[PDB]
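A single chain, nothing else alongside it, follows as structure tokens in the form deposited in one PDB entry.
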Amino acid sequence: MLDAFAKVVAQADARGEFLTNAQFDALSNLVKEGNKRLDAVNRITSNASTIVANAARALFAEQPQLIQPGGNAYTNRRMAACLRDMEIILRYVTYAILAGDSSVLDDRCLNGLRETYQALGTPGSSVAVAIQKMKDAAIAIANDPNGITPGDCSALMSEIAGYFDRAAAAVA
């Protein structure tokens, strides 16, 4: 597992170099923006249940074959497994938003996940739809300008978007 700081460290060690000002300024700026990152993580986490549910409800409205008999989300065991996967994916995304680095998302969630959905026969392209469903909902929640010190989080909201696309790209 790496965060935005440990990543820069690991790249300097490989070259045997101390950090340069170009890097002490980039990391100092990361710190300057930490409060935004924490609001974002708090906001998405405190709406985890609604994000997954409404995203699930909409996925099954658009693709009703996932829930008819013989479908991959038919029966409660596969429905629960499906809601679980959506929760697990959103959980490792919020980890990446806090670390400022996607490493945890890759090693411990996405890596090998495409091979898994093909062994059990799950439509990864449908999982990808679910992932970008939660993306739009999470950004809406994280970037909500209400009840929070006004400011620009556009850069942050773009980074958050990268983690979701990274996940939906790894399964589709």
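Start at 1 and count along the sequence shown; that's the residue number. Whichever C-alpha set is largest while still superposing within 1.5 Å between the two forms counts as the rigid core.
- As the entry records it, the average C-alpha temperature factor is higher for 23-31, out of 54-62 and 23-31.
- The stretch 69-77 shows the higher mean C-alpha B-factor when 69-77 is compared against 83-91 in the entry.
- Remark: of 125, 42, 49, 111, 111 shows the highest value [criterion: C-alpha B-factor in the PDB entry].
- Per-chain ranking of the deposited C-alpha B factor places residue 2 in the middle third.
- In this PDB entry, residue 163 carries a Cα temperature factor that places it within the middle third of its chain's modelled residues.
- Among the modelled residues of its chain, residue 141 has a C-alpha B-factor that falls in the middle third, as given in the PDB entry.
- Among all modelled residues in its chain, residue 152 ranks in the middle third by Cα B-factor.
- In the PDB entry, a CA B factor belonging to the middle third of its chain's modelled residues is recorded for residue 131.
There is another form of the same protein, the form deposited in another entry; it is not shown, and what comes next is about it.
- Core-superposed comparison between the shown form and the other one: the C-alpha position of residue 158 differs by less than 2 Å.
- Residue displacement note: residue 19 has its CA displaced by at least 2 Å between the shown form and the other one (rigid core superposed).
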